[PDB]
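What follows is a short report on a single structure.
Throughout, residue positions are numbered sequentially from 1 according to the sequence presented. Just the heavy atoms: all of them, side chains too, but no hydrogens, waters or symmetry mates, feed the values below.
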Amino acid sequence: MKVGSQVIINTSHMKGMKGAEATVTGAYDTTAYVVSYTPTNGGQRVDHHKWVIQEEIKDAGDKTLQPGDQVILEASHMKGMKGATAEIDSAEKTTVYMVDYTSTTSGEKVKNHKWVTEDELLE
């Protein structure tokens with residue numbers, strides 16, 4: 001699968017995704033990390049968030065990080081994420097996809113959702 005591929009989301013990161021019809025808008029060979037952090041706003045702790053990628057970690061470069069590492073996040077998949085200090089729970093070499101999809105909950109057309117891995121998609 002690649003950019004333009006039609007797929008079915010096969011994971012449940014948030015409500016409304018599982019089984020949603022989707023189209024791939026970006027594909028990245030990269031390292032995908034699961035991370036835990038306290039949002040900058042001060043709300044509830046985010047535990048084992050899938051996923052942030054190499055390119056979303058401040059000063060990560062081409063250096064693969066290690067579980068246990070403390071990093072600063074440069075993504076904004078949700079409020080309070082950008083600039084947060086996070087702990088890497090795991091690291092995996094894989095391809096991740098950014099997808100447009102229609103929420104199964106409300107019918108809202110979600111654009112450029114980051115991220116799902118190929119293990120999390122069905123074609």
Side-chain angles (χ1 to χ4, degrees):
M1 29 165 321
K2 64 189 198 171
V3 172
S5 304
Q6 237 90 263
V7 302
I8 292 156
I9 297 170
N10 200 29
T11 181
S12 303
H13 298 171
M14 306 176 310
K15 287 291 172 172
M17 290 179 34
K18 176 74 149 51
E21 272 155 296
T23 302
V24 182
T25 56
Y28 306 75
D29 279 340
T30 188
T31 300
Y33 302 92
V34 172
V35 294
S36 300
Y37 65 95
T38 294
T40 59
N41 58 39
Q44 300 273 291
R45 197 178 182 249
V46 179
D47 175 66
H48 290 75
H49 173 81
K50 296 175 171 183
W51 309 86
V52 317
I53 57 167
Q54 184 74 11
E55 293 78 11
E56 290 177 321
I57 292 171
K58 178 178 233 46
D59 297 316
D62 292 89
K63 289 202 276 70
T64 327
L65 293 152
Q66 246 142 329
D69 294 346
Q70 297 278 323
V71 299
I72 304 311
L73 300 185
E74 267 169 359
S76 29
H77 304 168
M78 41 231 294
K79 279 144 212 306
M81 176 183 290
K82 174 131 225 306
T85 298
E87 178 175 345
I88 295 173
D89 297 315
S90 73
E92 171 176 7
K93 181 166 97 241
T94 193
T95 307
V96 308
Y97 300 91
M98 168 170 63
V99 293
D100 291 346
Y101 72 91
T102 296
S103 166
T104 63
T105 302
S106 68
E108 153 185 27
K109 314 273 215 54
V110 182
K111 300 304 182 191
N112 300 332
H113 174 77
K114 300 171 182 196
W115 298 103
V116 300
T117 64
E118 28 189 45
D119 267 81
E120 295 179 322
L121 294 167
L122 309 147
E123 213 165 355

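- Neither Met98 nor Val52 shares a network with the other; the hydrophobic side chains, linked directly or stepwise wherever heavy atoms of I, L, V, M, F, W or Y lie under 4.5 Å apart, form separate groups for each.
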Full working for side-chain hydrogen bond (donor to acceptor under 3.5 Å, both in side chains) between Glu118 and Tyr97: CA-CA 7 Å; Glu118 28 189 45; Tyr97 300 91; 2.9 Å; yes
Between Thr25 and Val3, is a side-chain contact (heavy atoms from CB on, under 4.5 Å) present by the stated rule, with each step listed? CA-CA 5 Å; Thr25 56; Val3 172; 5.7 Å; no
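- Screening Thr64, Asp62, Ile53 for a side-chain contact (heavy atoms from CB on, under 4.5 Å) with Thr31, the sole residue that qualifies is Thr64.
- Using a 4.5 Å heavy-atom threshold, the side chains of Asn10 and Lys18 count as touching.
- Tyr101 pairs with exactly one of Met17, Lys111, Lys109, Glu21 by the side-chain contact (heavy atoms from CB on, under 4.5 Å) rule, that one being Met17.
- Atom NE2 in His49 sits 11.5 Å away from atom CG in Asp89 (nearest 0.5 Å).
- Within the 4.5 Å cutoff, the side chain of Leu65 has heavy atoms near those of the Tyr33 side chain.
- Residue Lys2 places its NZ atom among 12 or fewer non-hydrogen atoms of other residues, nucleotides or ligands, all under 6.0 Å distant.
- For the atom pair NZ (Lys50) and OG1 (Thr11), the distance works out to 5.5 Å, reported to the nearest 0.5 Å.
- Formation of a donor-acceptor pair under 3.5 Å by the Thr104 side chain with backbone atoms of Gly16 is found in this model.
- In the displayed structure, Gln70 atom CD is contacted under 6.0 Å by more than 12 heavy atoms of other residues, nucleotides or ligands.
- Rounding to the nearest 0.5 Å places OG1 of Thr38 at 6.0 Å from CZ of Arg45.
- No side-chain heavy atom of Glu87 sits less than 4.5 Å from a side-chain heavy atom of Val35.
- With hydrogens and angles ignored, the 3.5 Å screen pairs a side-chain donor or acceptor of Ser106 with a backbone N or O of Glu108.
- A donor and an acceptor atom, one from each side chain of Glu55 and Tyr28, are nowhere located under 3.5 Å apart.
- For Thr40 (side chain) and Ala84 (main-chain N/O), no donor-acceptor pair under 3.5 Å exists by modelled atom type.
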Could you walk me through whether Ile72 and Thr85 satisfy the side-chain contact (heavy atoms from CB on, under 4.5 Å) test, starting with their C-alpha distance in whole Å, then the side-chain angles of each, then the deciding distance to 0.1 Å, before giving a yes or no? CA-CA 5 Å; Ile72 304 311; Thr85 298; 3.5 Å; yes
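- The NE2 atom of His13 sits 13.0 Å away from atom CH2 of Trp115, with the distance rounded to the nearest 0.5 Å.
- Counting heavy atoms from C-beta on, the side chains of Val116 and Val96 never come closer than 4.5 Å.
- Side chains of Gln6 and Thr23: a donor on one and an acceptor on the other come within 3.5 Å.
- At least one side-chain heavy atom of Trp51 sits under 4.5 Å from a side-chain heavy atom of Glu92.
- The closest side-chain heavy-atom distance from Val46 to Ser36 is not below 4.5 Å.
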